[PDB]
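First comes the structure, then the notes that go with it.
Since every read-out is calculated from the coordinates, none of them should be taken as a lab result. Positions of Cβ are generated from backbone atoms using ideal geometry, with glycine treated the same way; all protein chains shown enter the neighbour counts.
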Amino acid sequence: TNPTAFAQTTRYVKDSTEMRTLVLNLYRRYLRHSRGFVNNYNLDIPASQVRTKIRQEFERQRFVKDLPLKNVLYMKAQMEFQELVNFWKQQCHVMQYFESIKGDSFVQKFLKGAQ
Amino acid sequence: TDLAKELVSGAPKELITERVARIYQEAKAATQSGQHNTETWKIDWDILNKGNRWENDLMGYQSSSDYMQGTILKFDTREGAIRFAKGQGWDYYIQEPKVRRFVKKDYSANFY
Amino acid sequence: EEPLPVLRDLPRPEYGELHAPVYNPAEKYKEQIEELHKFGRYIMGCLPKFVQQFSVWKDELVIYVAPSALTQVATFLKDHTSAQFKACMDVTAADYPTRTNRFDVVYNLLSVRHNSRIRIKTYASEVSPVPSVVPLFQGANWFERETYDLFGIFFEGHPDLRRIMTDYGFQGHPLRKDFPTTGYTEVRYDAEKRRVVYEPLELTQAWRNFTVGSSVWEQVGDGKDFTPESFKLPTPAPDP
Amino acid sequence: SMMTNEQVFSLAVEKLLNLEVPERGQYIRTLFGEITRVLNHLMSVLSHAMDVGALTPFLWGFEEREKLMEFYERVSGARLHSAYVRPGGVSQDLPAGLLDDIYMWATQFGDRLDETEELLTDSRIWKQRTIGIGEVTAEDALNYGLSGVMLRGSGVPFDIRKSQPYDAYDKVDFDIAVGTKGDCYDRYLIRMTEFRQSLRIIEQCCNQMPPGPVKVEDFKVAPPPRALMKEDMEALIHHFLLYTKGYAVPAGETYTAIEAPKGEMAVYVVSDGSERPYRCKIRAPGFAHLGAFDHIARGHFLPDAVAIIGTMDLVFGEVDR
Amino acid sequence: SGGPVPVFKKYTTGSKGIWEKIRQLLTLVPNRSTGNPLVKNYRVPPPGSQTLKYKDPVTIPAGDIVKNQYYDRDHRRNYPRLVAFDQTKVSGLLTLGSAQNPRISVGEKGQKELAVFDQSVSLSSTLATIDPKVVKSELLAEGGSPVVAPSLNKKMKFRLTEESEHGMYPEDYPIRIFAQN
Amino acid sequence: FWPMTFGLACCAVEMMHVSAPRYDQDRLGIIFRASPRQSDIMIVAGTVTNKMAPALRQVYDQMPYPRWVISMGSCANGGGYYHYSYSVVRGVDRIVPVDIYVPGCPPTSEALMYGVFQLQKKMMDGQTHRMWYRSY
Amino acid sequence: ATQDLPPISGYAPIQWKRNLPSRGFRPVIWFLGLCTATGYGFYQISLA
Amino acid sequence: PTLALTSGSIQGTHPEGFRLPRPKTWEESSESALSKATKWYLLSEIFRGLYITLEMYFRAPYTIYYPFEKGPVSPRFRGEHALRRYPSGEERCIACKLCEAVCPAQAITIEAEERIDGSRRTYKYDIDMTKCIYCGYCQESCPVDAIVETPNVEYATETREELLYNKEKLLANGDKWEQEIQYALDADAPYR
Amino acid sequence: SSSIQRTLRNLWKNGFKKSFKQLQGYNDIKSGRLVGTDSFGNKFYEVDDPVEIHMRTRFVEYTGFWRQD
Amino acid sequence: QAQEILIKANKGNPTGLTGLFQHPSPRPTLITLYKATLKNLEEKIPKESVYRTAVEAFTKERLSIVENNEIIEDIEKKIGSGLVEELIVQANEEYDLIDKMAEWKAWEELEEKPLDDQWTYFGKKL
Ligand SMILES: CCCCCCCCCCCC(=O)OC[C@H](COP(=O)(O)OCC[N+](C)(C)C)OC(=O)CCCCCCCCCCC
Ligand SMILES: CCCCCCCCCCCC(=O)OC[C@H](COP(=O)(O)OCC[N+](C)(C)C)OC(=O)CCCCCCCCCCC
Ligand code: SF4
Ligand code: SF4
Ligand code: SF4
C-alpha cells in the first residue's frame, strides 16, 4: 500500500518551536499552490484574492496557545491541503468557500422576528 | 479542562454565542411511582425564541430550524456533565434536582 | 417413465404436545469462560507493565490497556506463539462524554491459528494521541481513517489519515453524542448559481423524540454470577 | 444478502439478551441463510462475469433469483428488504407448501450451476482473465483483514460456520473449498463450490425441518400472537409495550460475527440497559476488501482492476454503512 | 450423494414422444432440465388458497398453564454479570489461591491477608517475591507450559478429500475440498 | 426508451430485474446506456447523498435534450429510511426536476415498469411541433 | 398438519455434484478429419 | 496433558496431506502433444460453449407480458397503505397511536381527540409514502387491523405531493381495496 | 411456447378481430377460457394450453385498443 | 560471527499456502533458531518474568521434537502449530519479540494506571 500524493504521516509534535516551523512550511505550500487552485477549480477570482483568503484563515488561529490544539489544527490543515491539491473537492465546494458573503439594530431584528 | 476543545470539534459557532444548554436531573413523573429516569444527569438546549416550531401549510407538519431540538445527552454524574459542558465552551446553567424530605410512615399512624 | 409424485399429497407426520429444555444460554459457555480467564490472566502475567485489567463475558475476552501500551500489547498478541492474532478484523470507537477520556478505542483481533478471538480496549480524548497499529496490521488503515472521520480521534503514525465517509470539507464528527443526528446543513440546487450549494438545515417535519417514552422502571435485575470457581477470592475458614 | 445481515444483528441482540432461538427457528434461519447465500453468489459471480464480458450467464442466473426472491416474498411480503429474521427468532412461520416449492426448485438448480460452468470454468478466455490476476498471499490476506473466499483462496481453511457455529449450522453437513494460488480463478472456483454446498445444505434443511415455535416463547421480547392478543389481558400489555417502548437489553457489549456470503460480517453492539442500542459498529468484509485494493491491483492493467473489483464482491451500501 | 439425476425426476417441463428422442440425440447432457417449472405441480395451490389449518405451536415446559412459573425460564434477567480482573485481584488469586483451591489461613489470621488486596497491589511485585511453583501451577499450565489461546470450537477439524467423495473439480484444478472430519 | 446506468443503492437491484428474462425490458425497446450522451432517461435508483449530489447534477446536465428523470424508491423520492440523516438529500427533486415518482422500498420490478408506462403515456401526449404552430 | 413440515419419508435426493461429462470424438480423429478435408480439398482444387 | 507443552493446538494442526504434492513437468502430461494441440488449435472448449448457448435458443423463455400478465403475489405482500372499516362502516382505528410509535421511518403523523358523539377517533392521519420503507410494522402493531398494506404497487405519481396521503386518501384506499385485503387476511391471519 | 403452431392455434380460436387487438397491445396471440369481467370492463381469461409456462396462465384484455393501464 | 539464515524462501515448490514456499533446510534452521532463542532469553530477560518462563518451556519442547524426528510430517504432527515453513516464521517472530520485550521492560510495574472513572460504564464500575 502506497500513500496518495501529498500525504503526510501523522505525528504529535511535543515542541512548540518545532510546531511553528511546520505551520510556516505549510503556509508557504498554500501560497505556492494558489494559482493551481484557481486553474483546477476554475475560480472567478485571481490568485491574489486566494492568497488573501488563505492568510485570513491562518490568522484566525494565530493566537492559539495550547500545544495539543495546535497538533489537531495542523493535522486538519494538512488534510485540507491534500484535499485541494489532489482535486478531490468538487468545484462547487470551492466556489461556495469563496462565496462567504454592519449588523441590524435591535428594532430591525425586533420587527422581523430576530432569533 | 481549560482546553478550548470547541476549536477542533467542528460544531458551528452558534452553539457558543447564541444557544443555552441546561444541565438537569429529570424529575419524577407525577403519574408513575418509578424513579429509574431520575438516576442520570442530562443536557438539553433551550428552544429558539423563533423558529423552534412552525406549522407546514401543505400537511400540517411540525417544521423546525433548531438542529439541537432532538439532542439529549446522558451523563452518569453531575461532575461529568459540567466537565463536558466546560470542555465544549457552552453557555449553560444547572437546575439542582429537588430532594424529597423523609417522613416516617407506619400503619399504626392510621389510628395514632 | 413414472410420473412425479405430488408433494402436496404426500403424508405428513403427526405430533402431540411438544417438549423443549429450559436452560440458561450462558451455561453452554462454561468451558469457554474458564479457559479465557486463564488465557487473560496469562497475558497480564506476561505484561504486568501494560495490562491494566481484563474481563471475560461468555466467549469474549477483553484486554484493557493505556494508549502508551497499545503498541506493545498488540505486538505481543501478534507475534507470540501461544497467541498468534495476525488479523485485526475491526478497529472502532465509542463515545462516553461522562468520562474524562470520552472515547473507547476497540481492537478486535482474530487468531486463525488457534481459532480464537481477543479484544483490546484503550481510551482517548478529543486531543490525546493514539498509536496507529497500521505498521502492525495493514488492514487497520481504513478502520482508523473511519474512526477519525466519525469521531476525530488522533491516530499518530498513520501514513495517510483523512476523511473516508463524510463529504469533502465536512465539519464535525457525526458519531459524537453531541453531534445532532440531522447535522447542521443541507444541500440543494441553486438556479441562480447553476450549482449545488450548502444551506443551513431546515426540516419540513422536525424529528419527533419518542425516546422520552422509556420505561420509568428498571427492566433487568442485577443478573446471575457466572464467575468460575477458580477465579473467586477465597473465604477464610471460620473460627476454631 | 439481506437475511444474513439480519441474522448477525439478531444473534448479537440474542446473545446480549441471554436468549436462545428454538429449534425450528434456527433451521429456518439456516435454510434462508443458504438461500440468501445462493442469491448473493448469483449476484456476485454473474456480475463479475458480466464485467469481464460474459453477458449470457448473468441472464440465466437472474431468473433463478426470481424464483428465490419469490420465497423471500412468500414468507415476509418483501422481495428484497424482508425484515424477517429478528432478535429472538423470525417474524412469522413458514406458509404451507413452501418446503415443497423450495424442494422442487432444488431438484432443478443443480443443472443451472452446470450450465453456468459450461461457459466459464474451462473457457480459455475466462481463465486468461482470472488466472494470476489479483493474487493475494496467505500472509497478506490475514494482515489486511480479508475473510471468506478472499481468505480461503490463499490456502487458509477458515469458515465462521465451522469456527463458531450458529443457528443450526452445527447440524448439517457441508464442505469448504480452499484455493492454492490465491488469484481470481481460485476464488471463482470456490464460489461455485459454495453454490453446490449451499444447495446441499438447503436439501438437508427441507428434510430435517422440525416442528415447534419459530420465535422465543417469551412475550417480553417476542410479540404475542394476534389471536391471543385480543383475548388475553397479559398478551395485550406485552403487545402494547413491545411496540411502544420496546424491550430493554442488559448493559454490556458484544462482537458477533457470521460467515456472510461476502466474508466475515460482524456487529459491535453496546447496550446501556435501555431499549435503544448505545452504539452499533458494523464490520463490513467489503470495506476491508476494498482497503486492500491498492496493495492487490498495483502493477496490473486497467481491465484487471474490473476483475479484481468483481472478485471482491463489493456492495457499497455494506462498505459505506 | 448428489450424483446425476435423470431429467424426468426433476420438477421441470420436459419433451414428449419424438421430440424427447430428438432432444436426447442432440443435447450434450440429456439429463439436464430446461428450468421451466411444472405448471401442474409448481405453486399450483397458491399461498392464498392453502387448505392447511395453522395452529400456534407451544412447548410444554415453557408454554403450559401449569408448572410454568416465569422466573424459572427468565433467562434475560439471569444474564451473566460483568466482572473485570485488575492486577490487584489477580495478585490476590495468585497469593491466596482461589475458592476452588484455598490457600488462605483460617479465622482472623485469614482476614488480615484478604484486607491486603483491598488497595492497589502490583502484580509485578507479587511475581517478584513468590514461590515459583505457584506460577508454574496457577499462572502457567502443565508445569510451566504457556497458556495457548482457547479455541472457539474444539470440534473444528478438517480432512482432505478426493473427487470421488466430494464430487467437485478433479485434482488438476487449483482448489481443494476439506470435510468435517 | 434508453435509460442511463445510474444504480446507486438497493433500488438498482430491482432495476436489474427489469432487464431479467422474466420481464425483459429489451422487449419494449429499453436499453441501458453507460453514457449520458446516449441516454434520454435518468433513473435515480438509490440514495442521493450530499457527497454524491454534485455528481448527480453534472451527469444530469450532460444528457442532451429531450431528457426525463425518474425517481425510484423512498430514498430518491423523499429520503425514506435516511430522511433525518446528516449526509442524505431529502429527495432527488431538490437537485433535478422529476417527471415521475415510483413508490416502494424497493419498488417491485412491475412497479418500476408501471412508472415507465406512465412516462411513455406522458411522452405520447407531447405536442412539441403543434405547439409551435398554435401557441407560438 | 398444523404446520409446514416435510413428508414422513422425506424428500427424494437431488443432484448437486458437478455434472459436465465430456463429449465428442478423440482429438486425433478431429486432426485426421482436418487432414482428410485438406487433402480432398486440394485434390478438387488441383483438378479445377 | 495437551499440546500446550509445544504451544500448539488441535486447530493449528494441519490435516494429513495438507502440503501440496510436487507440480508436474512437461514430461508427465497424460495427453500427447498432438492431442493437446488439436484441442488448442481447433478451440475445443469454445465450440462446447457455443453448443450449450444454442441449446437455450430452442427452449421456452421465462418472459411474462406485463401488464397483461402479473407475477406471483402472496397474502403477506406489502404495498400501498389503506385504512379499513368495520362491516357496519365505522372506522376500525381508535387513534391508539401504536403505528406512529413503531414506524422506523417516522412516516406516520396522527392527531386525535374526542369525536362529536364521544368516540375515540382520529381527525388527522398522514403517511409520507416518500418516507415509508414499506416494512409492515404499522400493520403488525395495529390492534384492530385498521392500517394495512394492499398488494397494490401501480400508483406511481407525476408529482411528489400526490404521495402525501391524508386520512381521506387512506380511507378511500380502504374502501377501494377492501375486497383484495379480505383475500390476504383470510389466508394470512392464522399465521399471525 | 414460442412455437409458430401455438400462434396458429390461438389465431384460429380467437378470430381476426380478437387476435389483431392482441397484435396491437399484447405483442402475443393468446387464447383462453373467459373467467369474468370487472366493473371497468376488462376481461380476464385462464389458459388451458399445456405448452404455456408457469407464470402465463392468466391474462387480461383491456378495453382500450391503443393504450393499456 | 555471521549466521545468515533463510526464514522465508522466495522460490521452490509450493506448500499449499499462497506466497509460502518450501524451505530447503527445515530441520537445521529450526535448531539454530531455537538454540539462539534460548540463549537470548538468558541474557536479556530476568528470571522472574513469566514471559521468559513460558517461552523456555515450549521452545525446549519444540527443540526436542525437531532433534528427534527426521520426518517433516512427524515434526508438525507433534508440535501442532502448522507446517515447518510456518514454524520457522513463528521461531523468527518469537525471537524478535524477546528483543522487543527486553527493551519494553514489560516485567516492571504498571507504567500507567487508569483513572477512577476510566473503566466505568453507565454508573457500574467494571
Ligand atoms: C465439422 C465442422 C464444425 C465443427 C468444428 C469444430 C468442432 C470441434 C473441434 C475440436 C474437437 C476436439 O478437439 O475434440 C475433443 C473435444 C473434447 O474431447 P476430449 O476432452 O478429448 O474427450 C475425452 C476423451 N473421450 C473422447 C474418450 C471422452 O471434443 C469436443 O469438445 C467436441 C465439441 C462438440 C460440441 C460442438 C460441436 C458443434 C459446434 C457448433 C456448430 C458449428
Ligand atoms: C494448423 C491449424 C491452424 C488452425 C487455425 C485456427 C487457430 C485458432 C487459434 C488457436 C490458438 C488459440 O486459440 O490460442 C489461444 C490464445 C492464446 O492463448 P495462450 O496465451 O497461448 O494460452 C494458451 C496456451 N497454453 C495452454 C499452452 C498456455 O488466446 C485465446 O484464448 C484466443 C481466443 C480466440 C477465440 C475466438 C473464437 C471466435 C469463434 C470462432 C468459431 C466460429
Ligand atoms: S428506497 Fe429502499 S430499496 Fe430504494 S435505495 Fe432506499 S433503502 Fe434501498
Ligand atoms: S410499513 Fe413500516 S415504514 Fe412504512 S409506515 Fe408502516 S411502520 Fe412506517
Ligand atoms: S395502530 Fe391501528 S388503531 Fe392504533 S393508531 Fe395506528 S391505525 Fe389506529
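Data for the structure
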read-out	value
The stretch D:241-307: relative contact order in percent, alpha carbon pairs under 8 Å with at least 6 residues between	24
Alpha-carbon centroid distance for the pair the stretch D:196-238 / the stretch A:9-31, whole angstrom	62
Max mean-square fluctuation residue, GNM over chain J, Cα-Cα springs under 10 Å, options J:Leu87, J:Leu110, J:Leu30	J:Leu110
Net dipole in debye of the stretch D:1-120 [+1 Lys, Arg Cβ; -1 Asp, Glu Cβ; about Cα centre; nearest 20]	540
Under 18 Å from the Cα of A:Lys14 - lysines, other chains or at least 8 residues apart	A:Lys65, A:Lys70, A:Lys76
Set of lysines near A:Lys102 by C-alpha distance (under 29 Å), chain-local residues within fewer than 8 positions excluded	A:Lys53, A:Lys112, B:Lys13, B:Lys50, C:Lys193
Neighbourhood net charge (11 Å Cβ-Cβ; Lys/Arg +1, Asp/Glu -1) for F:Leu112	-3
Exposure proxy ranking, count of Cβ atoms within 10 Å, fewest first, for H:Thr122, D:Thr256	H:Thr122, D:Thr256
Shielding by other protein chains, D:119-127, mean Cβ within 10 Å	4
Backbone HN-Hα couplings from phi across the stretch D:31-41 [Karplus 6.51/-1.76/1.60, Hz, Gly and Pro as x]	5, 6, x, 8, 4, 5, 5, 5, 4, 5, 5
Separation between Cα centres of the stretch I:15-55 and the stretch F:117-136, rounded to whole Å	32
Neighbour net charge for C:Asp104 - beta-carbon separation under 10 angstrom, K R +1, D E -1	+2
The protein assembly as shown - mean residue ellipticity at 222 nm from DSSP helices (-39,500 (n - 2.57) per run, n ≥ 4, rounded to 500)	-11000 deg cm²/dmol
Shape metrics for chain H, restricted to C-alpha atoms - Rg then Dmax, Å	31.9, 99
Geometric extent, Cα atoms of the protein assembly as shown - Rg, Dmax (angstrom)	35.0, 140
Exceeding the 28 Å Cα-Cα cut-off - candidates B:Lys86/C:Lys49; E:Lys112/E:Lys136; E:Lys9/H:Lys39; C:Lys49/C:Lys78	B:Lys86/C:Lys49; E:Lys9/H:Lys39
Sites G:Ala48 and H:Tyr41 - FRET efficiency at Förster radius 30 Å, r taken between beta-carbons, to 0.05	0.60
Distance violations [Cα-Cα > 27 Å] among E:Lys55/H:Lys176; B:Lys98/J:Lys113; E:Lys133/J:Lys44	E:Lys55/H:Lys176; B:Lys98/J:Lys113
Global size of the stretch H:112-188 as Cα Rg and Dmax, reported in angstrom	13.8, 40
Tilt relative to chain E, helix E:87-96 - C-alpha long axis, 0 to 90 degrees, to 10	70
Cβ neighbours within 10 Å from other chains - mean over F:108-116	6
Crossing angle, helix D:184-207 versus chain D [Cα axis fit, 0-90 degrees, rounded to tens]	30
Cα lying deepest toward the dipole's positive end in the protein assembly as shown, options F:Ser74, F:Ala9, A:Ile101, charges on Cβ	A:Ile101
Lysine pairs in chain D with Cα atoms under 22 Å, if 8 or more residues apart or on separate chains	18
Dipole axis of the protein assembly as shown (+1 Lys, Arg; -1 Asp, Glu on Cβ), positive-most option in D:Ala292, B:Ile23, I:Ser3	I:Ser3
For the stretch B:36-112: span of alpha carbons on each principal axis (Å, largest first)	64, 38, 20
Ranked packing of D:196-208, C:73-85, E:1-13, most packed first, by mean Cβ within 10 Å	C:73-85, D:196-208, E:1-13
Nearest-20 debye value, chain C charge dipole, Cβ charges on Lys, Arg, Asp, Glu	820
Packing-based ranking, highest mean first, of H:157-164, I:41-48 given that Cβ atoms within 10 Å are counted	H:157-164, I:41-48
Neighbour-count ranking [beta-carbon atoms within 10 angstrom, fewest first] of D:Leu302, E:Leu96, C:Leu201	D:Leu302, C:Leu201, E:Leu96
Relative contact order (percent, whole number), chain B, Cα cutoff 8 Å, 6+ residue spacing	35
Ranked E:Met156, F:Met42, F:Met124, F:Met72, criterion: other C-beta atoms within 10 Å, fewest first	F:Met124, E:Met156, F:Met42, F:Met72
Relative contact order computed over the stretch D:22-94 (Cα-Cα under 8 Å; 6+ residues apart), in percent	27
Label point distance in nm, H:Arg85-E:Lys55, each placed 7 Å from Cα along Cα→Cβ	3.8
28 Å Cα-Cα reach of B:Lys105 towards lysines, excluding residues that sit fewer than 8 places from it in its own chain	B:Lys28
Vicinal HN-Hα couplings computed from phi for the stretch C:158-173 (Karplus, 6.51 cos²θ - 1.76 cosθ + 1.60; Hz; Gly/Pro x)	6, x, 8, 9, 6, 5, 10, 10, 7, 5, 4, x, 5, 10, x, 10
Separation between Cα centres of the stretch D:100-124 and the stretch J:44-87, rounded to whole Å	49
Net charge dipole size for the protein assembly as shown [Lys, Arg +1 and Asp, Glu -1 on Cβ; Debye, nearest 20]	2340
